[PDB]
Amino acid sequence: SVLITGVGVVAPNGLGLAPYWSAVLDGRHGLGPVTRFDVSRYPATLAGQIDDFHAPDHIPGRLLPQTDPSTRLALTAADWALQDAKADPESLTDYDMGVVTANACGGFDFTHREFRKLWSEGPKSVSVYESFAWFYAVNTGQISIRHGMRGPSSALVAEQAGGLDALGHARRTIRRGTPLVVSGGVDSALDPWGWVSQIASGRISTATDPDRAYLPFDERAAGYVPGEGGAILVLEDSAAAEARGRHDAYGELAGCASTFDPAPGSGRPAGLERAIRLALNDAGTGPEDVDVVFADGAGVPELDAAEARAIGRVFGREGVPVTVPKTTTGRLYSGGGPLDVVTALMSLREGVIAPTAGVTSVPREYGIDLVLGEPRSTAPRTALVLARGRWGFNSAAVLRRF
């Protein structure tokens, strides 16, 4: 049995769990114009920025020179998660602590500046940190070093599906013999190149009204709004947890599953439905048992329809409450799955389903029971979390009330 004992959230609508959970239940989003640079010259201009995070106030002066914005957020998140769980890395066996994160863009702001210096000034101007500030494994290695965690660790890349996959990867590791595992993800690509790169997805909203730009499952859906941030959580063996003196947790990670859609043009069906049923089996729970589904919420019509269809096939149309709180944060890529998990656990703990912001009219076609406006007090005990990654990555995770 793997439990979630500590969480750490860094989101566009809240630096820290409390502020975040407060904004979510109140429908407050952290969306708005990009101010990291002049976006007026690009098609897309809205993003989920974290504007109340001053690295120097959270990260040691030593790490500032060598860390990308994404890594600083991950380290802050990681630290908060470890103390939320009342876990002291210095008081635990080094090999009994692992680190599994997902990373989609890596330290892109950092690498962009290094690319510019190289061609603007020359190779000699390149930072001595470029060698490790950008690569995808960066956040696992930095979290590892900062807390003296030496157990089995990894870094995965699977766009927005990665974050959930990382969590599932941690579950595997814990079950094989590592008592505690820090897991999650955080992404940030709010520099001109990272921005233009995201626009190349062909799926980014070009809206200018922050309240109506990211509308998953709404008939006016016109693309997703990018965001920066995510979450890191502490997972650990049930027994080891209680033995540690930690008898309080957020919930249990009951089951996990990853599938991949068939190649483009095959016409064959997507693998989202399969992932869901695989995750439910792993958890030993049936469709009827699920009380709430935290949907991937693509915000792209064709993708919303695909997702609504998979959910309907498993739980029946309007067969289960569906919600998409990420409407308040934007898509955080490797941070999205982890944050969705945190939001779900909180719903289970607080007995209320976090609502979906913005969406006002859901097409009958989707056949879903979306939670809009206010939180729905149904006191859910089991939640299903879904995430998809560009090119066909599917990921499902089932959680249970502690």
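Start at 1 and count along the sequence shown; that's the residue number.
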248 to 256 set against 307 to 315, stretch whose average Cα temperature factor tops the other in the entry: 248 to 256
Residue stretch of maximal mean CA temperature factor, 257 to 265 vs 86 to 94: 86 to 94
query: Which of these, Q160, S183, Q198, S238, has its C-alpha atom at the highest B-factor, as the entry lists it?
result: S238
statement: Top Cα B-factor in this entry, restricted to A387, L384, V24, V10, sits on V24
- line: Split the chain's modelled residues into thirds by Cα B-factor; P152 lands in the middle
query: What third of its chain's C-alpha B-factors does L339 belong to: lowest, middle or highest?
result: middle
- prompt: In terms of the CA temperature factor given in the entry, to which third of its chain does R220 belong: lowest, middle or highest?
  reply: highest
- line: Entry-reported C-alpha B-factor of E288 relative to its chain, by third, is highest
message: Can you tell me whether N281 has a C-alpha B-factor in the lowest, middle or highest third compared with the other modelled residues of the same chain?
response: highest
